[PDB]
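So the structure is just underneath, and the comments pick up after that.
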Amino acid sequence: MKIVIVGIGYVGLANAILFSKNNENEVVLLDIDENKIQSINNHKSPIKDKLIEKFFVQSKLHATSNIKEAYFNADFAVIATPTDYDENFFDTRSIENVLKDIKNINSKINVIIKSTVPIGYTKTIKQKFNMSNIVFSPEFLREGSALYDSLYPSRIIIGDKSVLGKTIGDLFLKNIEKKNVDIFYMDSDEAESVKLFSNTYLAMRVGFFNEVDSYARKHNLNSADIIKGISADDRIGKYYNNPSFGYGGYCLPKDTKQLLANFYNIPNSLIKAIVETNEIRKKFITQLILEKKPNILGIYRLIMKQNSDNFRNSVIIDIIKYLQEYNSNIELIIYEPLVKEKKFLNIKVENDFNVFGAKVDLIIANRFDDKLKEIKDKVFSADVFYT
Amino acid sequence: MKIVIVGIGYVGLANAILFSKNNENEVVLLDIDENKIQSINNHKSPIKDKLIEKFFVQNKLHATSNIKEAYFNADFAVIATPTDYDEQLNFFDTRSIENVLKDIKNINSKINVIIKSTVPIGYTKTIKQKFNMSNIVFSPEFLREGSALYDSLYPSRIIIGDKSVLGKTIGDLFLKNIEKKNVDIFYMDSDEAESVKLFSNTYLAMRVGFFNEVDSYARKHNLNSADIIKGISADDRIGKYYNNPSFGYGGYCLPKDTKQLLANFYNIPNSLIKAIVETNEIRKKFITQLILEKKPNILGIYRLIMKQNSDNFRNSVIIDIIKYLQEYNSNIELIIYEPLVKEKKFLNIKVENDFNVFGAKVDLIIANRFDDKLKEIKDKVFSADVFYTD
Ligand SMILES: NC(=O)c1ccc[n+]([C@@H]2O[C@H](COP(=O)([O-])OP(=O)(O)OC[C@H]3O[C@@H](n4cnc5c(N)ncnc54)[C@H](O)[C@@H]3O)[C@@H](O)[C@H]2O)c1
Ligand SMILES: NC(=O)c1ccc[n+]([C@@H]2O[C@H](COP(=O)([O-])OP(=O)(O)OC[C@H]3O[C@@H](n4cnc5c(N)ncnc54)[C@H](O)[C@@H]3O)[C@@H](O)[C@H]2O)c1
Ligand SMILES: O=c1ccn([C@@H]2O[C@H](COP(=O)(O)OP(=O)(O)O[C@H]3O[C@H](CO)[C@@H](O)[C@H](O)[C@H]3O)[C@@H](O)[C@H]2O)c(=O)[nH]1
Ligand SMILES: O=c1ccn([C@@H]2O[C@H](COP(=O)(O)OP(=O)(O)O[C@H]3O[C@H](CO)[C@@H](O)[C@H](O)[C@H]3O)[C@@H](O)[C@H]2O)c(=O)[nH]1
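Line by line, the protein sequences are chains A and B.
Just so we're aligned: 1214 in the numbering used here is position 303 of the first sequence, and the numbers increase by one with no gaps anywhere.
Just so we're aligned: 367 in the numbering used here is position 358 of the second sequence, and the numbers increase by one with no gaps anywhere.
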């Protein structure tokens, strides 16, 4: 049985691995990025940070840009290509590019959309392509625990109640490790809702605990004490409650603005504030840095959490832009090993840590790590639990 | 060893029983309402609570309105008087606490005072200074009405807003009398403790606010709310609890505590805090618009309480819906089924406590929560209840 994964990002690569670790399945990764295809076929993970990166070193797997080769004789196709939101613009052109290829080569491949889409998208795209063999099943994995989250999903959501739905459902149950998983079958608009609203809840919770931290900072109260006290209510819980410079990453900022596009022309809403509180928190962090009046500022890591490959839409890049807007006279210096060029966004990169720590008045880091501990004293961070 | 509990309410009564079960404590409830004092003295729980009734069943406490009698030789006083947010003047009302501290200061200024009533952030620090008493400790209450004593015996955690040995005495006093084994207890300064309470309630209001906005969206687009909410809640970071949509969040405390924190969020262009309050009012007006779209001629209100277990409807969201209905379309004839109401009318609305006549009289029934009785009439019943948690 042949499975095509379209897109070698975090979602596609984790799903490719999930389906390939059992000898019965032939898995093919399809992309337009020949760098990604060339990496895979050299048994290197293009996504530099993979928890279970033991998979590549110790189940076979094949990548190609060849539409013909991939979809030829394929039973399922998983669409894991980018979807963005740009303004109100719902960018799904990668999905329509794949579906157009799929409808050309062969149309009866059972298509699973994993990329996050607008509510009502899947029902619309089936009508407009004249294809009923398309099922939306959202993806809930975290970057940098992608394959773990794929083997042990929180739950499986199948946006189809027909027999095509149960078909897609059994395909995932028979390949995940997690057992007695919650699996919910529902119509497609409901599944798309589950995804946008789930991410919007998580954004809201981060926004909540950062408003707590902001409040504590303005009145010079102990944040850890307050958050620990709040979180001991089991209805609130001791997790996912560590203040930061703000929520970011690839999806939460996009998906919250998505849902807010649906929530226009009502006077206010949690959905609007979930977006707006994040920008206020980032500007407040910036104001706090300015008040320390540094002359040379070191940005420690462009990533947000320390188990992260990338800084795509990292909050700390937003902090850089706010610093540049409110006081371009503050010289900024980045310590970020992942960047090989020595200017990122016109800011000097200094990947000698000793030179970086000595050069700067003040270091801002979203999260502490042991490498920062030596110079703890010049470090500004909202990190409370050191997660 | 002698503990005075001030306020015979949900918090006071629960704490008073919490301490009197232990027969080495002498426990006195002190109140201004002679009706509630009478009831207590007649071994009569003036409220309803499963474990509270069982305690009164099993076997103790005494009540009075004489402050000299209560406070004489008291080691501890627990203040459980009402704190209100009053919309006029945008302020939280703490007079009751100050009236009680004045009595304490004049009769026995050295009683160890424990404030359980919810107060503004910074209150206890300022009130210790204003009365010149450092023997005052804030310790928030987290009980839910109708599980008040279970939550007292088995509290999620203890928060003591004083890091000195007096606070250690207060925390240790609660450890002794609770039955929850190996409970989380946090010592912290008083502002942080006041912050914990207001923010914890604000989070809960936020969560109800969130799942109602989900329900609102789903209704606007004819989607299945139960599907959507179950799929959301299956994420263990979100959780399968405290997520049942409704006409809006209500009760004594959530509506006042969120508005108080919002006041203490001075001049912020937007915030979760402000939205948490505003979304509740939008949800309520949306519920009302939905009811009116059904163009009922005679509308039945099933219960004024928020939930079956409750036996009170102070700040019940049902009543806000009633008031919006009266404002948006005064032509609909409203009828209330509420056995807790003994008078012929409430808010000038006919009360019909014969369930037979009520169900036949009306074209459509609104109920915040389904119960046993309504399944028989389910087809003219409008509710946002998704899980029938009753
Ligand atoms: N990043 C996450 O943690 C996460 C989690 C859940 C859902 N999602 C959703 O999945 C989508 C993909 O996430 P990602 O971060 O793994 O993507 P990504 O940006 O890391 O990579 C997507 C891949 O798709 C390739 N591609 C682009 N257009 C293509 C086309 N027409 N045909 C074939 N391949 C094409 C790209 O070359 C790229 O390699 C997100 O946009 C979002 O909708 C992401
Ligand atoms: N009700 C809850 O679920 C809950 C939970 C946690 C905290 N709290 C906090 O506890 C406070 C009280 O809650 P409640 O439900 O018990 O309120 P309640 O109104 O039912 O209890 C008030 C009692 O205190 C009496 N009282 C008023 N003034 C007094 C005075 N000067 N001296 C002595 N007694 C006086 C009143 O006569 C009344 O009997 C709330 O305002 C809230 O701040 C409530
Ligand atoms: O305690 C916390 C936890 C998270 N964050 C920030 O919130 C953002 C989201 O973090 P996280 O949810 O841990 O990782 P993501 O890779 O962004 O995954 C989220 O976004 C994915 C994209 O859809 C979803 O599939 C995941 O379930 C969802 O967790 C990040 O900026 C975090 O740094 C905090 O500030 N404090
Ligand atoms: O899934 C849910 C849960 C609650 N609510 C509503 O939210 C309000 C408050 O509900 P609940 O918290 O269950 O009862 P309370 O007795 O008001 O207790 C709250 O208010 C007290 C603050 O004083 C705290 O001590 C408690 O921890 C806190 O739960 C009520 O209107 C509920 O009907 C919903 O609509 N859906």
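Just so it is clear, CB atoms sit at the ideal spot from N, CA and C, and this is done for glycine as well.
Taking only three categories from DSSP, how would you classify B/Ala72?
Indexing the second sequence from 1 puts residue 72 of chain B at position 63. In this structure, B/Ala72 counts as strand in the three-state DSSP scheme.
Considering only their Cβ atoms, is the gap separating A/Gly1148 from B/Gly248 smaller than 9 Å?
Here residue 248 of chain B refers to the residue found at position 239 when the second sequence is read from its first residue. Here residue 1148 of chain A refers to the residue found at position 237 when the first sequence is read from its first residue. Yes, the Cβ-Cβ distance between B/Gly248 and A/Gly1148 is below 9 Å.
Which first and last residues belong to the beta strand (DSSP E) in which B/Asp93 is found?
For this step, residue 93 of chain B is matched to residue 84 along the second sequence. Element bounds for B/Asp93: 93–95.
Under 8 Å Cβ to Cβ from A/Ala1127, same chain only, skipping five residues before and after it: list those, please.
On the first sequence, residue 1127 of chain A is found 216 positions in, with the first residue counted as 1. Same-chain partners within the cutoff: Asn1133, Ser1134, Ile1137.
B/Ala89 beta carbon near ligand 4 (any heavy atom closer than 8 Å):
As a position in the second sequence, residue 89 of chain B is number 80, starting the count at 1. Flag unset: Cβ of B/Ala89 not near ligand 4.
Start and end residues, beta strand (DSSP E) containing B/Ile310
Your numbering for residue 310 of chain B matches position 301 in the second sequence. 307–311 is the span of the beta strand (DSSP E), which, as asked, contains B/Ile310.
Within 8 Å: the Cβ of A/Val1271 and any heavy atom of ligand 4?
Indexing the first sequence from 1 puts residue 1271 of chain A at position 360. Because no heavy atom of ligand 4 lies under 8 Å away, the Cβ of A/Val1271 does not count as near it: no.
Return helix, strand or coil for B/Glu342, following the three-state DSSP convention.
Counting from 1 along the second sequence, the entry for residue 342 of chain B is found at position 333. Strand.
Any C-beta of chain A sitting closer than 9 Å to the C-beta of B/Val223?
Locating residue 223 of chain B in the second sequence gives position 214, where the first residue counts as 1. Interface residue, yes.
Can you tell me the Cα-Cα spacing of B/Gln298 and A/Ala1114, whole angstroms?
The residue given as residue 298 of chain B occupies position 289 in the second sequence. The residue given as residue 1114 of chain A occupies position 203 in the first sequence. Their backbone Cα atoms lie some 30 Å apart in a straight line.
Interfacial residues, the stretch 283–310 of chain B to chain A, with Cβ spacing under 8 Å
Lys283, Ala284, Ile285, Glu287, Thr288, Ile291
Please report the residue range of the beta strand (DSSP E) in which B/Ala86 lies.
In the second sequence, residue 86 of chain B corresponds to position 77, counting from 1. 85–88 is the span of the beta strand (DSSP E), which, as asked, contains B/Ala86.
Members of the stretch 1043–1074 of chain A that neighbour chain B once the beta carbon cut-off is set at 8 Å:
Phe1051, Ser1065, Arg1066, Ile1068
Which chain A residues sit within Cβ distance under 8 Å of B/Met215?
The residue labelled residue 215 of chain B in the question sits at position 206 within the second sequence. Correct list: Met1115, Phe1119, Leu1181.
Pick from B/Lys283, B/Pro278, B/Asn276 that is closest to B/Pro264, judged by C-alpha positions
As a position in the second sequence, residue 264 of chain B is number 255, starting the count at 1. For B/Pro264, the nearest C-alpha among the options comes from B/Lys283.
Do A/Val922 and A/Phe930 have their C-beta atoms closer together than 9 Å?
On the first sequence, residue 922 of chain A is found 11 positions in, with the first residue counted as 1. On the first sequence, residue 930 of chain A is found 19 positions in, with the first residue counted as 1. Not a contact, by the Cβ cut-off of 9 Å.
What are the residues of the stretch 184–212 of chain B that lie near chain A, defined by any Cβ-Cβ distance shorter than 9 Å?
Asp193, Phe195, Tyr196, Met197, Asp198, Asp200, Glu201, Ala202, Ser204, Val205, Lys206, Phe208, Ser209, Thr211, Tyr212
Could you give the residue range of the alpha helix (DSSP H) that holds B/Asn50?
On the second sequence, position 41 is the one that residue 50 of chain B refers to. Unbroken alpha helix (DSSP H) run through B/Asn50: 43–50.
Decide if A/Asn1265 is buried, meaning its Cβ has at least 16 other Cβ atoms within 10 Å, or exposed.
Your numbering for residue 1265 of chain A matches position 354 in the first sequence. Its Cβ having fewer than 16 others within 10 Å, A/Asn1265 is exposed.
Does the stretch 150–159 of chain B come into contact with the stretch 186–201 of chain B, if we say contact requires no fewer than three beta-carbon pairs (one atom in each stretch) closer than 8 Å?
no
Looking at B/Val395: is its Cβ nearer than 9 Å to the Cβ of B/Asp224?
Here residue 395 of chain B is taken as the residue at index 386 of the second sequence, counted from 1. Here residue 224 of chain B is taken as the residue at index 215 of the second sequence, counted from 1. Taking 9 Å as the Cβ cut-off, B/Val395 and B/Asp224 qualify as a contacting pair.
What I want to know is whether the C-beta of A/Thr994 ends up closer than 8 Å to one or more non-hydrogen atoms of ligand 1.
Reading the first sequence from its first residue, position 83 is the one you call residue 994 of chain A. Yes, the Cβ of A/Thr994 comes within 8 Å of a heavy atom of ligand 1.
Quick check: is any heavy atom of ligand 3 less than 8 Å from the C-beta of B/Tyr397?
Locating residue 397 of chain B in the second sequence gives position 388, counting from the first residue. Not so, every heavy atom of ligand 3 lies at least 8 Å from the Cβ.
Using beta carbons (cut-off 9 Å, strictly below), is B/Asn44 in contact with chain A?
In the second sequence, the residue the question calls residue 44 of chain B occupies position 35. With 9 Å as the cut-off, B/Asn44 does not count as an interface residue toward chain A.
Touch test, the stretch 112–131 of chain B against the stretch 71–84 of chain B, Cβ-Cβ under 8 Å, three pairs minimum
yes
Where does the unbroken beta strand (DSSP E) through A/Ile1094 begin, and where does it stop?
The residue you call residue 1094 of chain A lines up with position 183 of the first sequence. First-last of the beta strand (DSSP E) with A/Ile1094: 1094–1096.
Helix, strand or coil for B/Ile56? Go by DSSP, reduced to three states.
Working through the second sequence from its first residue, we reach residue 56 of chain B at position 47. Note: B/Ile56 maps to coil in three-state DSSP.
Per the contact definition of three or more C-beta pairs closer than 8 Å, is the stretch 1215–1235 of chain A in contact with the stretch 1274–1281 of chain A?
yes
Do B/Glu222 and ligand 4 come close, with the Cβ less than 8 Å from some heavy atom?
Position 213 of the second sequence, counted from the start, is the residue given in the question as residue 222 of chain B. The answer is no for B/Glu222.
By Cβ distance below 7 Å, which residues in the same chain neighbour B/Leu271 in space, the five residues on each side in sequence not counted?
On the second sequence, position 262 is the one that residue 271 of chain B refers to. Answer for B/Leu271: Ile282, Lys283, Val286, listed in chain order.
Count the other C-beta atoms from every protein chain shown that fall within 10 angstroms of the C-beta of B/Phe100, then say buried if there are 16 or more, exposed otherwise.
Within the second sequence, residue 100 of chain B is the residue found at index 91, counting from 1. Classification of B/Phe100: exposed, given that the 10 Å Cβ count is below 16.
Whole angstroms are fine: how far does the CA of A/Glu1088 sit from the CA of A/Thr1167?
By one-based count along the first sequence, residue 1167 of chain A stands at place 256. By one-based count along the first sequence, residue 1088 of chain A stands at place 177. If you take the alpha carbons of A/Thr1167 and A/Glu1088, they lie about 31 Å apart.
Beta-carbon neighbours of A/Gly918, restricted to chain B and to distances below 7 Å
Your numbering for residue 918 of chain A matches position 7 in the first sequence. Result: empty, since nearest Cβ-Cβ is about 23 Å, beyond 7 Å.
Looking only at C-alpha atoms, which of B/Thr178, B/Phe208, B/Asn338 sits nearest to B/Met10?
Mapped onto the second sequence, residue 10 of chain B falls at position 1. Among B/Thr178, B/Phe208, B/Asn338, the Cα nearest to that of B/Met10 is on B/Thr178.
Chain A partners of B/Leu263, CB-CB under 8 Å?
Counting from 1 along the second sequence, the entry for residue 263 of chain B is found at position 254. Here the premise fails: no neighbours, minimum Cβ distance about 13 Å.
A/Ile1023 CB to nearest chain B CB: under 9 Å?
The residue labelled residue 1023 of chain A in the question sits at position 112 within the first sequence. No - not a single Cβ of chain B is within 9 Å of the one on A/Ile1023.
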